[PDB]
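Chain nomenclature is as follows: A, B, C, D and E, assigned in order of appearance, with residue numbering initiated at 1 for each chain independently.
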Amino acid sequence: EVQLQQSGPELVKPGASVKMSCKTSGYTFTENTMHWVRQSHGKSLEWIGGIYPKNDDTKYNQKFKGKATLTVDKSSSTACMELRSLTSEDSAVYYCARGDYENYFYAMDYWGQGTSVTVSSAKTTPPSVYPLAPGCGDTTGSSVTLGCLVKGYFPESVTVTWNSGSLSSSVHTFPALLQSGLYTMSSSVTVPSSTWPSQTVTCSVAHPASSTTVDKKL
Amino acid sequence: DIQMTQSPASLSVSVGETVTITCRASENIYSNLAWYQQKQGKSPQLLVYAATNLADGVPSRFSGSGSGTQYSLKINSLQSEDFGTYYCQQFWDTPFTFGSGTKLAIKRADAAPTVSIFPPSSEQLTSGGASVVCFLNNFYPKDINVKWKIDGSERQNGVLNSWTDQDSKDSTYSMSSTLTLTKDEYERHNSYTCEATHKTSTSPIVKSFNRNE
Amino acid sequence: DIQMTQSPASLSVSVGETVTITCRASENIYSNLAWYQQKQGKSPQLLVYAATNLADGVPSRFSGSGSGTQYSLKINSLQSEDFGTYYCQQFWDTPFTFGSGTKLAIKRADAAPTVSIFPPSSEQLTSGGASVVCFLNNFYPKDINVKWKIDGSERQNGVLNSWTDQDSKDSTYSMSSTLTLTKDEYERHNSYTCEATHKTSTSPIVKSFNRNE
Amino acid sequence: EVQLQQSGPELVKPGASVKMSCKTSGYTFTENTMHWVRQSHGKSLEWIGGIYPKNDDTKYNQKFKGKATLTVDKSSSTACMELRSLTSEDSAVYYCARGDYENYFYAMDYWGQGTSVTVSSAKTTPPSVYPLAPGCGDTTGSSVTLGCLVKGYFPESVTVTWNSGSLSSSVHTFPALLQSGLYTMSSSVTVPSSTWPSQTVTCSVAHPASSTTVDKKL
Amino acid sequence: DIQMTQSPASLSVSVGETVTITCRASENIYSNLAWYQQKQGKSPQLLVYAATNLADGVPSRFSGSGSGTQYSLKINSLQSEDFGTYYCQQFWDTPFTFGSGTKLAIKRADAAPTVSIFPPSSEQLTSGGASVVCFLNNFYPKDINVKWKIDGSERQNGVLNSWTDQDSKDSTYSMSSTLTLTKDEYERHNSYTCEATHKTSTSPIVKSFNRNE
């Protein structure tokens, strides 16, 4: 069984470098080659480069000639990749894949864990969430929805719960966007109008990075 | 430089039908093409290589074809485990330029989306920020948009739109739209409107409210 | 030099399904390929030669295909008499390098293996040797391993592993694992543990005992 | 009906030679050719060489140029093969197969009996088996298994029985490995916990080469 | 010189199955091949010429194929009127060398042959000749032999063997074996034995008698 294990994501200051290494197992390393693929946002794929550790010889993309640097260690059967001069748009997902037998063709069967990189100049901020509830005095229609806006939090992501996890049916998880160096997301739940506003409801969010939890009444 | 794209942008095929997807290349490789299956939060794997032979773990439902600069992938039939996206591969020359990607969905009966707009709370008013949001949920198909008219005037830019992937239970989508606005704009303006334009409604559904009402 | 290998290592196909097996060659023969059926304790025989024509005694269920450096063998459908391994042949130049081989199995419902560990007898203690064994039987699929932690420490090398071929009655496998150890190691150590890691169990099943208990 | 009969296996001292001959019948010998194939452990196949007895001309593998020697006898319609300088890894299985009509292509329909060779510097030793039975005073679970370890025996193989062949259902035959020039195997049987330890049980093994049988109580 | 043979020697296919027969040529004609139907006591006729087109009176069940030096004839399905032999034809160069021929049979349940041996009469004893015969009838399949051991000694040559073609009623074969011997051999020998070795019997069936019994 061929298995390639990667490392964990890291936080890099723009302008510094990064060390990416993923070990290989389940086969013989030096007879085959290695490749790298970058997945840019939102959805795209691009071939970073490859290394065949018999010489060692390599080939890179025309744009990565002055950035990506690859090296290999055959003692621990691992493959390394170095990236320098990181910019704001350099945040992406990298893969560890094994190529053909002394060949770069013959499309690769197995891929990496998908370890990504995070490069930004902004520090961690506690999430600021506020209750949003009706209203002008009437609720239309018979099925009314609620929600709470989670904004001003770093980094992705935050964990949100509804009524201490009592109702898991109507919970909806909305992704965020990138503006002003911060992140803004939301969530939506639907409750019948018969129980509103008789039964209590709340919005609870937890941020694992800064260990900040905020409880509030809608 | 070698360059290629797919067509069309996205497809919707239920379980038990035939999927026809193609990716056209500018130059002619004559030989090699590959297809990858990438789900949400997981890495791709090899399916069909060299436009003909299929890799391990792939059933007989996936079959490739095509010659020259015209290639295709025939899926008969589709199963509930095939959800994801597809890519294309070219071994012709270095560097390799991959495909643009195509998203798959499941065809079903159309559903009218629910829409509501809510006023901001009183805690945000003293924090310096203010925002109004418009909730849309349980719709189909994928093509819909939203705009903001404040007293009959468009607000661009600064309208954020977030999208949600395919849901496992009822097989639908969801979104959220939040309008960013300052303190001065909230005081001199009253009516805040958001509209949902959907193919199953001949007129945009409008939800509105007022500050003094 | 001419060289070729098959893919993948092993397959499991029940009776009545389609078998897709391929063996890729580095250079291009353009013509000749052969497949051989070798069971346990018997000699191979010719099945399909030149990638197309089939030899005598072979039914219509075996059909070859492929051109250039990509070849394949399509079996539709599989029968209970087809159990064995497959090879490949190349007439391109001398010397001939054969295939690596691929083992076939029968898909069925998964089964949890039974595991036990036994202490050595009192007759071995005076003979100078000592050994502890770990019994595993009635499992599926083929992928499983075993390790030895003596008071929380790995023992390598010197752990022997024997495997058993397909059983005719219940269609399962079996193994045995014996740990070789000297007289000094047995006296200062107490706990002897062996673990069975199987895909149908989220945690390794552990069997343990003690000398003073 | 084409039939090729081989000889029996032999025991060769490392460094000596071996005589391998297999007669042919059911067809005409001199018009066709002959080939040899070696099956290395655990599973591999390799083409030793071939002989076409019209000249006689032959071709061999690059590694067998200085080892394998082939000769033919057209009077008795047999084919012979000679191997010299046998080493520890030279133990394998040989096949006798007939080729095409003045051609080495056209893959061979019929093969040999599979006569192998045994080359080692170790002599025959009587098998040493010991009883293995519970236990710490409890038997878990409701289905308990037994077994006896057969080690220190040469050559492969030995015949093992369970309870004088009364229960043939749960008997399992485990192959052996190669270490320290000896062989170690085992066997496993499963019996219900209701009859244990009420009914007697034993492990009997018989070695045909040295004619040594060992009976013991579990 | 141009030369070709068929494979295999003979086939047995019942009514309603597929017949795969091939005849390989040393050189490559690229074009022409013919198949002939010859029964017992009648002349052949043309069936399929040029490996593709079929002559008149031939149904759609006969279809040819193959290219280069590898050709084949696919019969789907077989009918009770197709009994006979097949040949092959080559137009490549003069002189034309035809095929070796292949006999067809009908698969059915196996049957154990009856065997008996009879002593010679008293009229032959004074005529100067003497013979002993061994009767075998109602067997299947085609592969069987017979030998003569007189007091435990083989008699070769001088053992004649006659064979019978397919029977129309019960679909079986028959043979006869007569041992030629002189006057001196009959006087000093007593036991006359003939054996029938058939695939449905694990031991040769022996019929014997004596002169003084």
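As a working rule, a contact is a pair of C-beta atoms (placed from the backbone, for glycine too) under 8 Å apart; a residue touches a chain by one contact, two chains touch by 3 or more.
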By label, the chains that touch chain A as well as chain C are B
By mean C-alpha coordinates, which chain is most distant from chain D?
B
More Cb-Cb contact pairs, comparing C-E against C-D, go to C-D
Averaging the CA atoms per chain, pick out the one whose centre lands closest to the mean of every protein CA shown.
C
Can you compute the centre-to-centre distance for chain C and chain E, using the mean CA position of each chain? Integer Å is fine.
45
Calculate how many whole Å lie between the centre of chain B and the centre of chain D, each centre taken as the average of the chain's C-alpha atoms.
62
Cα centroid separation, chain C vs chain D, in Å, comes to 18
So which bits of chain B are touching at least two other chains?
56
Would you give the residues of chain A that are in contact with at least 2 other chains, written as numbers and ranges?
106
Within the complex, chain D is touched by chain C residues 32, 34, 41-46, 49, 55-56, 85, 87, 89, 91, 94-101, 114, 116, 118-121, 123-124, 127, 131, 133, 135, 137, 160-164, 174-176, 178, 209-210, 213
Where on chain E is chain C touching in the complex?
7-8, 18, 20, 22, 70, 72
What does chain D use to touch chain C in their complex?
37, 43-47, 49, 59-62, 95, 104-114, 128, 130-136, 143-145, 147, 149, 151, 172-177, 179, 184-186, 188, 190
Quick one: in the complex, what on chain B touches chain C?
50, 52-54, 56, 60
